[PDB]
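All Cβ positions, even for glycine, are placed from backbone atoms using ideal geometry, and neighbour counts span all protein chains on display. The values are calculated or read from the model by the stated rules, or taken from the named source; none is laboratory data.
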Amino acid sequence: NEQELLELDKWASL
Amino acid sequence: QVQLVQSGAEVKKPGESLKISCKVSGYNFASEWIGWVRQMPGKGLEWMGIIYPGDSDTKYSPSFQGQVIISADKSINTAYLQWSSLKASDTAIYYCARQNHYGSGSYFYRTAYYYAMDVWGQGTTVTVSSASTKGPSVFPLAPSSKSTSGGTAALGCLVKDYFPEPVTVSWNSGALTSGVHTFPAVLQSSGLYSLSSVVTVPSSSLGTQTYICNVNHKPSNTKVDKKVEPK
Amino acid sequence: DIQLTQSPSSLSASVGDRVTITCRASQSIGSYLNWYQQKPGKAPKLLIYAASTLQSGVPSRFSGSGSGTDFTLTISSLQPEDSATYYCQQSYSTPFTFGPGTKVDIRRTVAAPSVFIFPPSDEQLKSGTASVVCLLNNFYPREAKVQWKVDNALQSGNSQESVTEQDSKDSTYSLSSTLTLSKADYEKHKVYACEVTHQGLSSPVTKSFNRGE
């Protein structure tokens, strides 16, 4: 998972 | 003002279960990650994991996954950390801290924010031992009219035979901070802790000023106030 | 997980000196790095995030730089209140690992301890035990020796010591030594003394008291 940090963005449409 | 208020220090036997809590105010609890950090005696910080109270999504360090559960009740702004069966190595200070997010990003796709722990709780001291809770005895360390050096005198309080850590010591309800040293506790051969708190004052203040040490041992719900005077 | 090292592990410098601590990561983490300060007895405080952004309430003399694998925290004009332990933390991917820490000590002029001795309280004596305390206050450097003599007889195995971390205002240390006896043993002897050696003292200092006047 090279973009795992993105899993922490809870403030998007998805 | 964001404030994280953690539950009190505890002592628990090996094999027992434990749940500690951190209560949050000053911001929307459901809207930021919040996490737990371990600090073992004399060691550095260890990130344990975070939880997003909004949907209770969690991310653990693999060193702690399956060993602890982090949970949250967003209806009362509270985050929890739990053990099923404590080991002696779980003895530590546990901090709960808001893992705030920084930077600006699009609503229409996931953004790589900068995350940092910007507000921290005061910490919960967890001690895994079979020893029972014991409140401290507090004794004066009386200044003398003669053991005065360089126009300064020293006085203090000896806080003895308590378990577990920690005790906190304030002087005159926190009005006296200057010249105060509270020593790290030592474990006596009895397996009970002891420490001292001292304050240096002008010799002229002996007898004329009032020095009271306020000692708190929350694990025993004990609070002792001792007046100290020259003898 | 991502591994971080910090260098050095401890350093000392003088007030006003420029000092740098280095963090190095096992992979490139861009600017996804934070710095924290922990003062003794206190929870950690965030100083810097996104590698160089200073957090509100942090003095301007703190600065972070570096990108990718290597990062530096610089304190431009070291103050005594900077005596503390500093941690980097990567925020590139969970777990957001902290580095091992770097302790920063203040180097200052030599200062001899002020020495005080405290007899046991009468409240304690009525309980079975007698504690005698020798306090060595505000000295530097940290090295010191305390000897307990009871009626000129050196003691051993019945004392314990504790030492404070470096003081945030004057960069000194303090040390308490506690001599524990039974009331019985305490009642058997008259003169109680703690003998102190330090390099700031041209000679050993001795502070004493005679039991019951």
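Numbers below:
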| item | result |
| --- | --- |
| Residue in the range C:79-87 that is surrounded by 16 or more Cβ atoms within 10 Å (Cβ to Cβ), within 16 Å of B:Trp120 (Cα to Cα), in contact (Cβ under 8 Å) with a residue 60 or more places away in the chain and in the same structural domain as C:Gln6 (by CATH) present | yes |
| Residue in the range B:195-218 that is closer than 30 Å to B:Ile34 by Cα, within 11 Å of chain C (Cβ to nearest Cβ) and touching a residue at least 60 places away in the same chain (Cβ under 8 Å) present | no |
| Answer residue from the range B:15-39, given it is crowded, with 16+ Cβ neighbours inside 10 Å and within 11 Å of another protein chain (Cβ to nearest Cβ) and is farthest from A:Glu4 (Cα to Cα) among those | B:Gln39 |
| Check on C:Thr129, of a type outside the set (A, V, I, L, M) and crowded, with 16+ Cβ neighbours inside 10 Å | yes |
| Residues (of a type outside the set (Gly, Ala, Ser), more than 7 Å from every other protein chain (Cβ to nearest Cβ) and within 26 Å of A:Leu14 (Cα to Cα)) located in the range B:40-61 | B:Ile50, B:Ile51, B:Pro53, B:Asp55, B:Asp57, B:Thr58, B:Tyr60 |
| Segments classed as strands (runs of 3 or more DSSP E), wholly inside the range B:22-82, with at least 2 members that are more than 30 Å from C:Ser9 (Cα to Cα) | B:45-52, B:57-60, B:69-73 |
| B:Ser75 on the phi > 0 side of the Ramachandran plot and surrounded by fewer than 19 Cβ atoms within 10 Å (Cβ to Cβ) | no |
| Qualifying residue in the range B:76-88 (condition: of a type in the set (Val, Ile, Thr) and within 14 Å of chain C (Cβ to nearest Cβ)) | no |
| Odd one out for B:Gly42, checked against (1) on the phi > 0 side of the Ramachandran plot; (2) crowded, with 18+ Cβ neighbours inside 10 Å; (3) under 16 Å from the mean Cα position of the chain (by Cα) | (2) |
| Subset of the range B:139-160 (residues that are within 9 Å of chain C (Cβ to nearest Cβ) and under 29 Å from the mean Cα position of the chain (by Cα)) | B:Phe139, B:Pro140, B:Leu141, B:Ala142, B:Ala154, B:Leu155, B:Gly156, B:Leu158, B:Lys160 |
